[PDB]
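Take a look at this single chain, the form solved without the named molecule, given in structure tokens.
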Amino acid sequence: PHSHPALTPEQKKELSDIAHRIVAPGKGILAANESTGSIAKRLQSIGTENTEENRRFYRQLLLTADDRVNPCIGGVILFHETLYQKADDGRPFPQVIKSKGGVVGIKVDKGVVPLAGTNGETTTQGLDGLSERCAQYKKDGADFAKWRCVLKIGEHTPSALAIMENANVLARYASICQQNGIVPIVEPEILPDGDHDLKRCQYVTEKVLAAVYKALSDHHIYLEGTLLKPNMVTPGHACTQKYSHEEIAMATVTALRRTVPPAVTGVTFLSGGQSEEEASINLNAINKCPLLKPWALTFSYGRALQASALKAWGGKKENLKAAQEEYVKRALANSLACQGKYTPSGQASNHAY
């Protein structure tokens, strides 16, 4: 019943300003933090050798896209390796990102691990020495972090243990980040795998987020200095029933309205397995949903922003411009979507839930 301030007014202000810059009107996040293992399949999909130089060239391709992306990108999440690489001119990537008006992010979790006694459920590791890592990343240009927890909808999942443990670890991660001036992006991803319908996803999302915020409260987390990266509420990939984008938007916004405190500065949606176009249309619909939304509703896309770019590149230097153009096009589309101004042309119920 007694307070022992985790943060000073100055620390809070710093975290809040960082959080607001990332999700400023019209801006979203480019998630380019794929590890060697992740980008391996992507490079192979286009027959490109997975070397540090190729990864640098690819990341540089995205990071150095023309100024059209400036008002679209509020933040860029990088993998450890990328945070210390440089563009051809010798400029550290963090400097490139900042010069274009973006905030630099860094992935800090150490992957998922199995939870014994559950049906294939997991939690996420990475707290050991996290404080020291955060202080170092802050000094090296990062202002926000990424940590991914994964839950699955199944016959007996997410279980009480999985929900409780993932919510608790996310709170510890958020607490350590804030102690070091790093805005933590809380990511409790509920996989779309399965044949469950829309209302089941909405139900599970509602229960998971309620546990998440109770945990953040218990750990004295400063919500204004945080962002939320949840799955959109959608039917399972194998669901026989079909839904409109309007219904997906209503279920998503309704779930958030019932669980996310208005103090949370912004919600940056993960696209899961949605196509580039699908992720933009859904985000736009979410923003057009006729319900009050007290937080920014934008994006934090990876493949949903890189798919076409990667394909257009093909690992050939001569395709640089064509590749950057595909990326810029998705950045512009999502910039409009997070404002509810998206249209395929380019620029120009409720109680049942």
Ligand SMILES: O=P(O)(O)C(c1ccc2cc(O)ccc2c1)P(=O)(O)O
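Numbering starts at 1 and follows the sequence shown.
Unshown form solved in complex with the named molecule; subsequent notes refer to it.
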Notebook entry, point to check: Open or blocked pocket for the named molecule when its pose in the deposited complex is superposed here, using 3 or more ligand atoms within 2.4 Å of backbone or C-beta atoms as the test for blocked?
Noted result: open
Note to self: Just to confirm the contact call: exactly one of 300 to 308, 322 to 330, 285 to 293, 63 to 71 touches the named molecule in the deposited complex at a 4.5 Å heavy atom cutoff, so which is it?
What the structure shows: 300 to 308
Check: Taking heavy atoms and a 4.5 Å cut-off, does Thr51 contact the named molecule in the deposited complex?
Finding: no
Next item on the list: Using a 4.5 Å heavy atom cut-off, state whether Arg56 contacts the named molecule in the deposited complex.
Entry: no
Next item on the list: Would you check whether the named molecule, in the deposited complex, lies within 4.5 angstroms of a non-hydrogen atom from each of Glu34, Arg42 and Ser45?
Entry: yes
